[PDB]
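K.L.:
File name my_file-v2.cif; file contents mmCIF, C-alpha atoms; full text below.
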```cif
data_run
loop_
_atom_site.group_PDB
_atom_site.id
_atom_site.type_symbol
_atom_site.label_atom_id
_atom_site.label_comp_id
_atom_site.auth_asym_id
_atom_site.auth_seq_id
_atom_site.Cartn_x
_atom_site.Cartn_y
_atom_site.Cartn_z
ATOM 1 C CA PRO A 2 -6.796 -7.959 0.571
ATOM 2 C CA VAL A 3 -7.270 -9.690 -2.792
ATOM 3 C CA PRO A 4 -4.770 -12.572 -3.175
ATOM 4 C CA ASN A 5 -6.503 -13.749 -6.344
ATOM 5 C CA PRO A 6 -4.314 -15.433 -8.995
ATOM 6 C CA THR A 7 -7.228 -15.228 -11.470
ATOM 7 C CA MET A 8 -7.312 -11.409 -11.605
ATOM 8 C CA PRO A 9 -4.735 -8.723 -12.444
ATOM 9 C CA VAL A 10 -2.406 -7.521 -9.685
ATOM 10 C CA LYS A 11 -0.304 -4.366 -9.502
ATOM 11 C CA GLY A 12 2.951 -6.048 -8.481
ATOM 12 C CA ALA A 13 3.892 -3.680 -5.639
ATOM 13 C CA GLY A 14 5.368 -5.857 -2.910
ATOM 14 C CA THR A 15 7.402 -8.350 -4.957
ATOM 15 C CA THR A 16 10.240 -9.999 -3.032
ATOM 16 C CA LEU A 17 13.478 -11.798 -3.928
ATOM 17 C CA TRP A 18 14.855 -14.774 -1.994
ATOM 18 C CA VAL A 19 17.887 -17.075 -2.240
ATOM 19 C CA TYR A 20 18.056 -20.700 -1.093
ATOM 20 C CA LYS A 21 20.371 -21.773 1.752
ATOM 21 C CA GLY A 22 19.265 -25.375 2.223
ATOM 22 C CA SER A 23 20.296 -28.912 1.361
ATOM 23 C CA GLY A 24 16.854 -30.095 0.213
ATOM 24 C CA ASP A 25 14.871 -29.597 -2.969
ATOM 25 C CA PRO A 26 14.115 -25.920 -3.731
ATOM 26 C CA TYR A 27 11.323 -26.967 -6.120
ATOM 27 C CA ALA A 28 9.501 -29.263 -3.676
ATOM 28 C CA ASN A 29 7.891 -26.657 -1.383
ATOM 29 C CA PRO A 30 8.649 -23.131 -2.632
ATOM 30 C CA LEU A 31 5.806 -21.590 -0.605
ATOM 31 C CA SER A 32 7.725 -22.188 2.628
ATOM 32 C CA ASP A 33 10.186 -19.490 3.696
ATOM 33 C CA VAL A 34 12.333 -21.833 5.810
ATOM 34 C CA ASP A 35 15.968 -21.917 4.601
ATOM 35 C CA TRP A 36 15.446 -18.918 2.297
ATOM 36 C CA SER A 37 17.076 -15.505 2.741
ATOM 37 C CA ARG A 38 15.542 -12.242 1.546
ATOM 38 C CA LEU A 39 17.274 -9.604 -0.576
ATOM 39 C CA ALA A 40 15.744 -6.379 0.717
ATOM 40 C CA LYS A 41 15.566 -2.913 -0.866
ATOM 41 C CA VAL A 42 14.873 -3.975 -4.457
ATOM 42 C CA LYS A 43 14.679 -0.970 -6.777
ATOM 43 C CA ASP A 44 14.094 -2.690 -10.134
ATOM 44 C CA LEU A 45 13.461 -6.250 -11.322
ATOM 45 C CA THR A 46 13.436 -7.917 -14.753
ATOM 46 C CA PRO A 47 12.699 -11.665 -14.793
ATOM 47 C CA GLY A 48 14.242 -13.992 -17.330
ATOM 48 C CA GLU A 49 12.521 -14.601 -20.651
ATOM 49 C CA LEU A 50 11.853 -18.133 -21.869
ATOM 50 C CA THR A 51 12.764 -18.578 -25.536
ATOM 51 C CA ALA A 52 13.237 -21.391 -28.036
ATOM 52 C CA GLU A 53 15.281 -21.869 -31.190
ATOM 53 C CA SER A 54 13.903 -22.878 -34.583
ATOM 54 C CA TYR A 55 14.562 -26.190 -36.337
ATOM 55 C CA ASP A 56 14.318 -26.553 -40.108
ATOM 56 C CA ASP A 57 11.771 -29.165 -41.204
ATOM 57 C CA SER A 58 12.256 -28.842 -44.969
ATOM 58 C CA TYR A 59 12.958 -31.828 -47.214
ATOM 59 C CA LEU A 60 13.721 -32.144 -50.911
ATOM 60 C CA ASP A 61 10.609 -34.279 -51.481
ATOM 61 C CA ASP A 62 8.043 -31.858 -50.029
ATOM 62 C CA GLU A 63 5.242 -31.210 -52.505
ATOM 63 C CA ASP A 64 4.665 -27.741 -50.996
ATOM 64 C CA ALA A 65 7.773 -25.550 -50.796
ATOM 65 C CA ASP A 66 6.254 -22.087 -51.301
ATOM 66 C CA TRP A 67 5.990 -21.465 -47.543
ATOM 67 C CA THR A 68 8.598 -22.156 -44.878
ATOM 68 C CA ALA A 69 7.983 -24.883 -42.295
ATOM 69 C CA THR A 70 9.815 -25.012 -38.963
ATOM 70 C CA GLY A 71 9.599 -26.575 -35.527
ATOM 71 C CA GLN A 72 10.462 -25.736 -31.948
ATOM 72 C CA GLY A 73 14.106 -26.269 -31.052
ATOM 73 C CA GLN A 74 16.088 -26.054 -27.826
ATOM 74 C CA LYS A 75 14.676 -23.914 -25.023
ATOM 75 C CA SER A 76 16.410 -21.340 -22.825
ATOM 76 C CA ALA A 77 15.526 -19.609 -19.560
ATOM 77 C CA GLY A 78 17.165 -16.217 -20.134
ATOM 78 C CA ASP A 79 18.805 -13.851 -17.656
ATOM 79 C CA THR A 80 17.284 -12.261 -14.549
ATOM 80 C CA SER A 81 18.479 -8.730 -13.797
ATOM 81 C CA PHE A 82 17.795 -6.669 -10.680
ATOM 82 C CA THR A 83 18.956 -3.605 -8.754
ATOM 83 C CA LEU A 84 19.324 -3.273 -4.979
ATOM 84 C CA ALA A 85 20.459 -0.539 -2.638
ATOM 85 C CA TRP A 86 24.146 -1.041 -1.901
ATOM 86 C CA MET A 87 24.697 -2.215 1.689
ATOM 87 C CA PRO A 88 27.963 -4.154 2.069
ATOM 88 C CA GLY A 89 27.285 -4.835 5.750
ATOM 89 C CA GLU A 90 24.147 -6.864 5.045
ATOM 90 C CA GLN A 91 24.587 -10.636 5.114
ATOM 91 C CA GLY A 92 22.542 -11.076 1.941
ATOM 92 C CA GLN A 93 24.906 -8.982 -0.167
ATOM 93 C CA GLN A 94 27.952 -10.724 1.310
ATOM 94 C CA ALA A 95 26.367 -14.049 0.350
ATOM 95 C CA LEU A 96 25.657 -12.661 -3.130
ATOM 96 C CA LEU A 97 29.312 -11.676 -3.564
ATOM 97 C CA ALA A 98 30.433 -15.110 -2.348
ATOM 98 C CA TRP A 99 27.978 -16.655 -4.824
ATOM 99 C CA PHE A 100 29.581 -14.672 -7.648
ATOM 100 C CA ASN A 101 33.113 -15.537 -6.521
ATOM 101 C CA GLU A 102 32.607 -19.280 -6.057
ATOM 102 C CA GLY A 103 30.782 -19.838 -9.349
ATOM 103 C CA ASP A 104 28.031 -22.140 -8.066
ATOM 104 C CA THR A 105 24.576 -22.681 -9.534
ATOM 105 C CA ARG A 106 22.027 -21.825 -6.844
ATOM 106 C CA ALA A 107 18.260 -21.451 -6.576
ATOM 107 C CA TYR A 108 16.289 -18.251 -6.045
ATOM 108 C CA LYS A 109 12.649 -17.216 -5.720
ATOM 109 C CA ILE A 110 10.475 -14.312 -6.790
ATOM 110 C CA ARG A 111 7.303 -13.881 -4.728
ATOM 111 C CA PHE A 112 4.374 -11.902 -6.183
ATOM 112 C CA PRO A 113 1.579 -10.107 -4.299
ATOM 113 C CA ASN A 114 -1.152 -12.498 -5.486
ATOM 114 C CA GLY A 115 0.385 -15.425 -3.596
ATOM 115 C CA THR A 116 2.449 -17.259 -6.243
ATOM 116 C CA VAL A 117 6.182 -17.882 -6.572
ATOM 117 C CA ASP A 118 8.654 -18.410 -9.410
ATOM 118 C CA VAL A 119 11.795 -20.480 -8.811
ATOM 119 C CA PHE A 120 14.970 -20.455 -10.904
ATOM 120 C CA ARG A 121 18.466 -21.922 -10.745
ATOM 121 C CA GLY A 122 21.443 -20.027 -12.108
ATOM 122 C CA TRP A 123 24.869 -18.472 -11.724
ATOM 123 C CA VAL A 124 25.860 -14.817 -11.427
ATOM 124 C CA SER A 125 27.329 -13.229 -14.557
ATOM 125 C CA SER A 126 27.511 -9.510 -13.696
ATOM 126 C CA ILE A 127 28.078 -7.267 -10.664
ATOM 127 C CA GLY A 128 27.930 -3.492 -11.006
ATOM 128 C CA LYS A 129 27.672 -0.177 -9.189
ATOM 129 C CA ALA A 130 26.480 3.370 -9.861
ATOM 130 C CA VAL A 131 27.684 6.442 -7.952
ATOM 131 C CA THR A 132 25.904 9.801 -8.155
ATOM 132 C CA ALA A 133 26.021 12.703 -5.715
ATOM 133 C CA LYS A 134 22.263 13.130 -5.225
ATOM 134 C CA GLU A 135 21.157 9.474 -5.465
ATOM 135 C CA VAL A 136 21.638 6.388 -3.314
ATOM 136 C CA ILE A 137 24.411 4.073 -4.506
ATOM 137 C CA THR A 138 22.937 0.993 -6.184
ATOM 138 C CA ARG A 139 24.133 -2.572 -6.753
ATOM 139 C CA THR A 140 23.291 -4.231 -10.077
ATOM 140 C CA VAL A 141 23.062 -8.018 -10.485
ATOM 141 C CA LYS A 142 22.550 -10.335 -13.475
ATOM 142 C CA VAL A 143 21.965 -14.095 -13.184
ATOM 143 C CA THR A 144 22.086 -16.633 -16.021
ATOM 144 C CA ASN A 145 19.537 -19.415 -15.570
ATOM 145 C CA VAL A 146 20.244 -23.126 -16.052
ATOM 146 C CA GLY A 147 17.764 -25.847 -16.956
ATOM 147 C CA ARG A 148 13.981 -25.898 -16.575
ATOM 148 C CA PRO A 149 12.410 -23.385 -14.161
ATOM 149 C CA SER A 150 9.370 -23.904 -11.945
ATOM 150 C CA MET A 151 6.793 -21.340 -13.054
ATOM 151 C CA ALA A 152 3.719 -20.347 -11.061
ATOM 152 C CA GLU A 153 1.384 -22.114 -13.504
ATOM 153 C CA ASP A 154 3.027 -25.403 -12.497
ATOM 154 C CA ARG A 155 1.408 -25.091 -9.052
ATOM 155 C CA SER A 156 -1.974 -23.762 -10.216
ATOM 156 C CA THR A 157 -3.643 -27.204 -10.033
ATOM 157 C CA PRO B 2 -21.621 27.094 23.518
ATOM 158 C CA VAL B 3 -20.433 23.514 24.023
ATOM 159 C CA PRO B 4 -18.371 22.439 20.974
ATOM 160 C CA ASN B 5 -20.380 20.309 18.544
ATOM 161 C CA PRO B 6 -18.737 18.413 15.644
ATOM 162 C CA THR B 7 -22.114 17.810 13.947
ATOM 163 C CA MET B 8 -22.731 21.529 13.274
ATOM 164 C CA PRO B 9 -20.783 24.209 11.384
ATOM 165 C CA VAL B 10 -18.096 26.155 13.244
ATOM 166 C CA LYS B 11 -16.449 29.486 12.465
ATOM 167 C CA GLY B 12 -12.795 28.504 12.887
ATOM 168 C CA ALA B 13 -11.637 31.412 15.049
ATOM 169 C CA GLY B 14 -9.377 29.866 17.669
ATOM 170 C CA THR B 15 -7.510 27.272 15.602
ATOM 171 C CA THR B 16 -4.140 26.243 17.040
ATOM 172 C CA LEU B 17 -1.033 24.570 15.607
ATOM 173 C CA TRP B 18 1.301 22.246 17.530
ATOM 174 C CA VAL B 19 4.491 20.265 16.873
ATOM 175 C CA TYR B 20 5.432 16.981 18.558
ATOM 176 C CA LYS B 21 8.509 16.699 20.783
ATOM 177 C CA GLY B 22 7.953 13.308 22.434
ATOM 178 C CA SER B 23 9.247 9.842 21.622
ATOM 179 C CA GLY B 24 5.992 7.833 21.586
ATOM 180 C CA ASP B 25 3.264 7.485 18.978
ATOM 181 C CA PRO B 26 1.821 10.832 17.823
ATOM 182 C CA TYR B 27 -1.276 9.179 16.343
ATOM 183 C CA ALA B 28 -2.191 7.256 19.506
ATOM 184 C CA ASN B 29 -3.668 10.119 21.569
ATOM 185 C CA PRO B 30 -3.575 13.469 19.739
ATOM 186 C CA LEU B 31 -6.226 14.889 22.096
ATOM 187 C CA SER B 32 -3.602 15.266 24.857
ATOM 188 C CA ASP B 33 -1.299 18.296 24.840
ATOM 189 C CA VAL B 34 1.503 16.585 26.781
ATOM 190 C CA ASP B 35 4.747 16.538 24.739
ATOM 191 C CA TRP B 36 3.463 19.093 22.200
ATOM 192 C CA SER B 37 4.753 22.633 21.634
ATOM 193 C CA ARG B 38 2.502 25.404 20.339
ATOM 194 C CA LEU B 39 3.311 27.766 17.463
ATOM 195 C CA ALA B 40 1.648 30.971 18.637
ATOM 196 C CA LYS B 41 0.591 34.038 16.628
ATOM 197 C CA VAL B 42 -0.732 32.349 13.486
ATOM 198 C CA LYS B 43 -1.897 34.688 10.717
ATOM 199 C CA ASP B 44 -2.747 32.319 7.843
ATOM 200 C CA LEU B 45 -3.223 28.550 7.651
ATOM 201 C CA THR B 46 -3.744 26.490 4.487
ATOM 202 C CA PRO B 47 -3.960 22.771 5.361
ATOM 203 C CA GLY B 48 -2.686 20.030 3.102
ATOM 204 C CA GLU B 49 -4.909 18.714 0.324
ATOM 205 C CA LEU B 50 -5.316 14.970 -0.176
ATOM 206 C CA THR B 51 -5.155 14.017 -3.855
ATOM 207 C CA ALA B 52 -5.088 10.867 -5.970
ATOM 208 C CA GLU B 53 -3.985 10.197 -9.536
ATOM 209 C CA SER B 54 -5.698 8.187 -12.246
ATOM 210 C CA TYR B 55 -4.883 4.695 -13.505
ATOM 211 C CA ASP B 56 -5.864 3.600 -17.010
ATOM 212 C CA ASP B 57 -8.123 0.532 -17.099
ATOM 213 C CA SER B 58 -8.529 0.016 -20.856
ATOM 214 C CA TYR B 59 -7.910 -3.136 -22.895
ATOM 215 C CA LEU B 60 -7.904 -3.857 -26.618
ATOM 216 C CA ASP B 61 -10.628 -6.501 -26.328
ATOM 217 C CA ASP B 62 -13.044 -4.204 -24.479
ATOM 218 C CA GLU B 63 -16.235 -4.147 -26.534
ATOM 219 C CA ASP B 64 -17.126 -0.518 -25.742
ATOM 220 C CA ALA B 65 -14.355 2.068 -26.084
ATOM 221 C CA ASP B 66 -16.878 4.900 -26.494
ATOM 222 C CA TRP B 67 -16.261 6.273 -22.990
ATOM 223 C CA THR B 68 -13.086 6.427 -20.926
ATOM 224 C CA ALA B 69 -12.566 4.114 -17.952
ATOM 225 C CA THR B 70 -10.147 4.808 -15.102
ATOM 226 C CA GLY B 71 -9.484 3.993 -11.468
ATOM 227 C CA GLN B 72 -7.910 5.530 -8.399
ATOM 228 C CA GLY B 73 -4.110 5.440 -8.330
ATOM 229 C CA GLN B 74 -1.578 6.533 -5.742
ATOM 230 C CA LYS B 75 -2.607 8.964 -3.010
ATOM 231 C CA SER B 76 -0.815 12.039 -1.669
ATOM 232 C CA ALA B 77 -1.185 14.272 1.384
ATOM 233 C CA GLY B 78 -0.120 17.586 -0.158
ATOM 234 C CA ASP B 79 1.625 20.550 1.451
ATOM 235 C CA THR B 80 0.571 22.605 4.479
ATOM 236 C CA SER B 81 1.378 26.326 4.579
ATOM 237 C CA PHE B 82 1.172 28.846 7.399
ATOM 238 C CA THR B 83 2.251 32.336 8.423
ATOM 239 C CA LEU B 84 3.377 33.547 11.848
ATOM 240 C CA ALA B 85 4.533 36.720 13.515
ATOM 241 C CA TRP B 86 8.324 36.648 13.320
ATOM 242 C CA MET B 87 9.752 36.231 16.838
ATOM 243 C CA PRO B 88 13.252 34.734 16.505
ATOM 244 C CA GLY B 89 13.717 34.587 20.285
ATOM 245 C CA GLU B 90 10.856 32.136 20.811
ATOM 246 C CA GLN B 91 11.755 28.512 21.481
ATOM 247 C CA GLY B 92 9.122 27.295 19.019
ATOM 248 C CA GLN B 93 10.597 29.197 16.081
ATOM 249 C CA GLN B 94 14.128 28.102 16.993
ATOM 250 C CA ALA B 95 12.853 24.514 16.981
ATOM 251 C CA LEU B 96 11.202 25.149 13.603
ATOM 252 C CA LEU B 97 14.491 26.393 12.133
ATOM 253 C CA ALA B 98 16.319 23.391 13.605
ATOM 254 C CA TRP B 99 13.667 21.154 12.024
ATOM 255 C CA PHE B 100 14.332 22.767 8.644
ATOM 256 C CA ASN B 101 18.116 22.497 8.990
ATOM 257 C CA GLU B 102 18.157 18.866 10.149
ATOM 258 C CA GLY B 103 15.817 17.564 7.450
ATOM 259 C CA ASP B 104 13.938 14.851 9.336
ATOM 260 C CA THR B 105 10.213 14.064 9.303
ATOM 261 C CA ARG B 106 8.194 15.142 12.343
ATOM 262 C CA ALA B 107 4.555 15.176 13.411
ATOM 263 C CA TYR B 108 2.351 18.256 13.713
ATOM 264 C CA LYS B 109 -1.307 18.727 14.612
ATOM 265 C CA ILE B 110 -4.004 21.309 13.939
ATOM 266 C CA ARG B 111 -6.588 21.723 16.702
ATOM 267 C CA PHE B 112 -10.036 23.061 15.718
ATOM 268 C CA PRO B 113 -12.583 25.034 17.779
ATOM 269 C CA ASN B 114 -15.065 22.119 17.800
ATOM 270 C CA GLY B 115 -12.794 19.784 19.784
ATOM 271 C CA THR B 116 -11.248 17.771 16.937
ATOM 272 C CA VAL B 117 -7.665 17.409 15.712
ATOM 273 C CA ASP B 118 -5.845 16.669 12.459
ATOM 274 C CA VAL B 119 -2.407 15.024 12.590
ATOM 275 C CA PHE B 120 0.219 14.995 9.834
ATOM 276 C CA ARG B 121 3.827 13.906 9.394
ATOM 277 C CA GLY B 122 6.133 15.891 7.145
ATOM 278 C CA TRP B 123 9.335 17.793 6.485
ATOM 279 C CA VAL B 124 9.861 21.526 5.999
ATOM 280 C CA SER B 125 10.370 22.576 2.376
ATOM 281 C CA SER B 126 10.302 26.395 2.496
ATOM 282 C CA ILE B 127 11.116 29.250 4.886
ATOM 283 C CA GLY B 128 10.420 32.875 3.989
ATOM 284 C CA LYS B 129 10.062 36.398 5.334
ATOM 285 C CA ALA B 130 8.208 39.583 4.392
ATOM 286 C CA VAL B 131 9.393 43.056 5.427
ATOM 287 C CA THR B 132 7.170 46.139 5.177
ATOM 288 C CA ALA B 133 7.414 49.466 6.982
ATOM 289 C CA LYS B 134 3.802 49.594 8.199
ATOM 290 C CA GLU B 135 3.177 45.881 8.885
ATOM 291 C CA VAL B 136 4.553 43.357 11.362
ATOM 292 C CA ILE B 137 7.322 41.175 9.926
ATOM 293 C CA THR B 138 6.045 37.680 9.133
ATOM 294 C CA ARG B 139 7.582 34.213 8.866
ATOM 295 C CA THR B 140 6.165 31.925 6.166
ATOM 296 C CA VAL B 141 6.500 28.132 6.409
ATOM 297 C CA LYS B 142 5.623 25.249 4.070
ATOM 298 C CA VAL B 143 5.672 21.562 5.054
ATOM 299 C CA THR B 144 5.528 18.592 2.672
ATOM 300 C CA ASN B 145 3.510 15.719 4.132
ATOM 301 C CA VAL B 146 4.528 12.050 4.077
ATOM 302 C CA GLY B 147 2.295 8.999 4.348
ATOM 303 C CA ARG B 148 -1.272 8.656 5.558
ATOM 304 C CA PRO B 149 -2.535 11.375 7.933
ATOM 305 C CA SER B 150 -4.941 10.963 10.847
ATOM 306 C CA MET B 151 -8.054 12.996 10.073
ATOM 307 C CA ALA B 152 -10.733 13.831 12.627
ATOM 308 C CA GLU B 153 -13.224 11.438 11.007
ATOM 309 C CA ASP B 154 -10.997 8.557 12.131
ATOM 310 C CA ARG B 155 -11.776 9.479 15.755
ATOM 311 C CA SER B 156 -15.492 10.148 15.244
ATOM 312 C CA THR B 157 -16.476 6.968 17.104
#
```
Is it possible to give me this structure as structure tokens?
P.N.:
Amino acid sequence: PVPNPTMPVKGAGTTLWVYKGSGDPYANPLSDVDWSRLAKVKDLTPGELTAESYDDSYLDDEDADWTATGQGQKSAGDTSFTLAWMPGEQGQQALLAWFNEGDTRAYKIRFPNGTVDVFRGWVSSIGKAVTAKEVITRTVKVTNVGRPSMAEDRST
Amino acid sequence: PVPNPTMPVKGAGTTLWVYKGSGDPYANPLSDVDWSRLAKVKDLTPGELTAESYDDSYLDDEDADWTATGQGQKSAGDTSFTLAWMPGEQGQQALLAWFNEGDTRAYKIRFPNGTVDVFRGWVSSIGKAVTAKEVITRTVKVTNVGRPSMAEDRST
């Protein structure tokens, strides 16, 4: 009802997709052609962008009472999510093949306000939890490579 | 005289039905085809629709003198009723099968003014009361799921 990217949104209805194309995943992320959904998402934690610190001090500085630093190398973090375990689904088979082969692939997060986030990465963890009274869950962690394509890139 | 939904009604003559068909229960609740009646009702407490609160406060709000909230998630509550205990009736056998299976089915309440309320739920309690001087009773509670179909939806 309110797909407004200038106002807060509650985030119910967020979807995860994985690329299966030979083109550029960053060129047109709003299109759902050649993307496959990962359904039944129970929990999602997107990667955090961070940067290291670089020392800017010299012996000749007239002011040395306070530290001075600069921005260093940047990182894209790890994305971690939980699905319902369904080995018969094609998406989870493709996820397991992605872990086994060791490729760096592109994936999307789509938010209810109408914006997408695109990352590239490789899988670094695959887990499971078994409890008598709860549905069995599949846990995934992806390490991101390079510069992502945030929503604010397409704000215009 | 003629039932009138724009005037108060006394409520003597209210009936309770459970769906057996395979179509849409919400499409035409005014028809009794594919519904089974639960006769000999003694008490009926319909489900209560409730909503929870969502906090809408920020640190940069100029005026924190008064609280500010909004409507959160909605619920349909539980519906309770009491019947004369007749284990040989097909309706009560179907009710016990509904409890044992554990699925979600549709049930309607039909009012003396010509209107109907439709809910979907699962049975969460089955009881009995035994007294020497009073007819043995069967007590049932149903937990409702989703958005019901109130009479005001069909007021057109």
K.L.:
I need the chain B residues near chain A as an MDAnalysis selection string; criterion: at most 12 Å, counting only C-alpha atoms.
P.N.:
chainID B and resid 55 57 73:74
K.L.:
The residues within 10 Å of (14.4, -21.9, 6.6), using all atoms listed in the file and the coordinates of the file, should be reported as a PyMOL selection string; which are they?
P.N.:
chain A and resi 20-22+32-37
K.L.:
For the residues selected in the previous step, produce a file with C-alpha atoms as a PDB file, in the frame of the given file.
P.N.:
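What landed in out33.pdb:
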```pdb
ATOM      1  CA  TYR A  20      18.056 -20.700  -1.093  1.00  0.00           C
ATOM      2  CA  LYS A  21      20.371 -21.773   1.752  1.00  0.00           C
ATOM      3  CA  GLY A  22      19.265 -25.375   2.223  1.00  0.00           C
ATOM      4  CA  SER A  32       7.725 -22.188   2.628  1.00  0.00           C
ATOM      5  CA  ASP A  33      10.186 -19.490   3.696  1.00  0.00           C
ATOM      6  CA  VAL A  34      12.333 -21.833   5.810  1.00  0.00           C
ATOM      7  CA  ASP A  35      15.968 -21.917   4.601  1.00  0.00           C
ATOM      8  CA  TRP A  36      15.446 -18.918   2.297  1.00  0.00           C
ATOM      9  CA  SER A  37      17.076 -15.505   2.741  1.00  0.00           C
TER      10      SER A  37
END
```
K.L.:
Separation of CA of residue 59 (chain A) and CA of residue 76 (chain A), in Å?
P.N.:
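Taking CA of residue 59 (chain A) as the start and CA of residue 76 (chain A) as the end point, the length is 26.8 Å.
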K.L.:
What's around residue 137 (chain B) at 6 Å? Count only C-alpha atoms, leave out sequence neighbours fewer than 2 positions away in its own chain, and write the answer as an NGL selection string.
P.N.:
:B and (86 or 130-131)
K.L.:
Would you put the residues from that selection into a file with C-alpha atoms, as an mmCIF file, in the coordinates of the input?
P.N.:
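Dumped everything to result38.cif:
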```cif
data_model
loop_
_atom_site.group_PDB
_atom_site.id
_atom_site.type_symbol
_atom_site.label_atom_id
_atom_site.label_comp_id
_atom_site.auth_asym_id
_atom_site.auth_seq_id
_atom_site.Cartn_x
_atom_site.Cartn_y
_atom_site.Cartn_z
ATOM 1 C CA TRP B 86 8.324 36.648 13.320
ATOM 2 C CA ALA B 130 8.208 39.583 4.392
ATOM 3 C CA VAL B 131 9.393 43.056 5.427
#
```
K.L.:
Any chance you could work out the residue set of the PyMOL selection byres ((chain B and resi 38) around 6) here, as a ChimeraX atom specification?
P.N.:
/B:17-18,37,39-40
K.L.:
Given all atoms listed in the file as the basis, pick out the residue of B:31, B:143, B:124, B:65 nearest to residue 155 (chain B).
P.N.:
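Of B:31, B:143, B:124, B:65, the one nearest residue 155 (chain B), counting all atoms listed in the file, is B:31.
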K.L.:
Would you kindly translate the PyMOL selection byres ((chain B and resi 121) around 10) into the concrete residues it picks from this file, as a PDB file with C-alpha atoms, in the coordinates of the input?
P.N.:
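So part-v3.pdb came out as:
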```pdb
ATOM      1  CA  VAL B  19       4.491  20.265  16.873  1.00  0.00           C
ATOM      2  CA  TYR B  20       5.432  16.981  18.558  1.00  0.00           C
ATOM      3  CA  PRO B  26       1.821  10.832  17.823  1.00  0.00           C
ATOM      4  CA  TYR B  27      -1.276   9.179  16.343  1.00  0.00           C
ATOM      5  CA  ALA B  77      -1.185  14.272   1.384  1.00  0.00           C
ATOM      6  CA  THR B 105      10.213  14.064   9.303  1.00  0.00           C
ATOM      7  CA  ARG B 106       8.194  15.142  12.343  1.00  0.00           C
ATOM      8  CA  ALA B 107       4.555  15.176  13.411  1.00  0.00           C
ATOM      9  CA  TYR B 108       2.351  18.256  13.713  1.00  0.00           C
ATOM     10  CA  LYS B 109      -1.307  18.727  14.612  1.00  0.00           C
ATOM     11  CA  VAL B 119      -2.407  15.024  12.590  1.00  0.00           C
ATOM     12  CA  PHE B 120       0.219  14.995   9.834  1.00  0.00           C
ATOM     13  CA  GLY B 122       6.133  15.891   7.145  1.00  0.00           C
ATOM     14  CA  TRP B 123       9.335  17.793   6.485  1.00  0.00           C
ATOM     15  CA  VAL B 143       5.672  21.562   5.054  1.00  0.00           C
ATOM     16  CA  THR B 144       5.528  18.592   2.672  1.00  0.00           C
ATOM     17  CA  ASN B 145       3.510  15.719   4.132  1.00  0.00           C
ATOM     18  CA  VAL B 146       4.528  12.050   4.077  1.00  0.00           C
ATOM     19  CA  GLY B 147       2.295   8.999   4.348  1.00  0.00           C
ATOM     20  CA  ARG B 148      -1.272   8.656   5.558  1.00  0.00           C
ATOM     21  CA  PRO B 149      -2.535  11.375   7.933  1.00  0.00           C
ATOM     22  CA  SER B 150      -4.941  10.963  10.847  1.00  0.00           C
TER      23      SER B 150
END
```
K.L.:
Work out how far apart CA of residue 71 (chain B) and CA of residue 112 (chain A) are and give it in Å to one decimal.
P.N.:
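CA of residue 112 (chain A) lies 21.7 Å from CA of residue 71 (chain B).
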K.L.:
Which residues come within 8 Å of residue 115 (chain A), counting only C-alpha atoms, excluding same-chain residues fewer than 5 positions away, as a ChimeraX atom specification?
P.N.:
/A:4-6
K.L.:
Between CA of residue 103 (chain B) and CA of residue 116 (chain B), what is the spacing in Å?
P.N.:
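That distance, rounded to one decimal, is 28.7 Å.
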K.L.:
For residue 13 (chain B), work out the shell of residues within 12 Å, counting all atoms listed in the file and skipping chain neighbours fewer than 4 positions away, then give it as a PyMOL selection string.
P.N.:
chain B and resi 42-45+111-114
K.L.:
Residues as selected, C-alpha atoms, written as a compact mmCIF listing (two decimals), keeping the file's coordinate frame, can you do that?
P.N.:
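Dumped to out.txt:
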```
# COMPACT_ATOMS: atom_id res chain seq x y z
CA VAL B 42 -0.73 32.35 13.49
CA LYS B 43 -1.90 34.69 10.72
CA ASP B 44 -2.75 32.32 7.84
CA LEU B 45 -3.22 28.55 7.65
CA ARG B 111 -6.59 21.72 16.70
CA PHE B 112 -10.04 23.06 15.72
CA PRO B 113 -12.58 25.03 17.78
CA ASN B 114 -15.06 22.12 17.80
```
K.L.:
Give me the result of the PyMOL selection byres ((chain A and resi 47) around 10) on this file, residue by residue, as an mmCIF file with C-alpha atoms, in the frame of the given file.
P.N.:
```cif
data_model
loop_
_atom_site.group_PDB
_atom_site.id
_atom_site.type_symbol
_atom_site.label_atom_id
_atom_site.label_comp_id
_atom_site.auth_asym_id
_atom_site.auth_seq_id
_atom_site.Cartn_x
_atom_site.Cartn_y
_atom_site.Cartn_z
ATOM 1 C CA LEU A 45 13.461 -6.250 -11.322
ATOM 2 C CA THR A 46 13.436 -7.917 -14.753
ATOM 3 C CA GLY A 48 14.242 -13.992 -17.330
ATOM 4 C CA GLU A 49 12.521 -14.601 -20.651
ATOM 5 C CA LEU A 50 11.853 -18.133 -21.869
ATOM 6 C CA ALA A 77 15.526 -19.609 -19.560
ATOM 7 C CA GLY A 78 17.165 -16.217 -20.134
ATOM 8 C CA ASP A 79 18.805 -13.851 -17.656
ATOM 9 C CA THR A 80 17.284 -12.261 -14.549
ATOM 10 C CA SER A 81 18.479 -8.730 -13.797
ATOM 11 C CA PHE A 82 17.795 -6.669 -10.680
ATOM 12 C CA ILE A 110 10.475 -14.312 -6.790
ATOM 13 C CA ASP A 118 8.654 -18.410 -9.410
ATOM 14 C CA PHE A 120 14.970 -20.455 -10.904
ATOM 15 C CA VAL A 143 21.965 -14.095 -13.184
#
```
K.L.:
Can you pull out every residue within 10 Å of residue 129 (chain B), counting only C-alpha atoms, but drop anything in the same chain fewer than 2 positions away, and send it as a ChimeraX atom specification?
P.N.:
/B:83-86,127,131,137-141
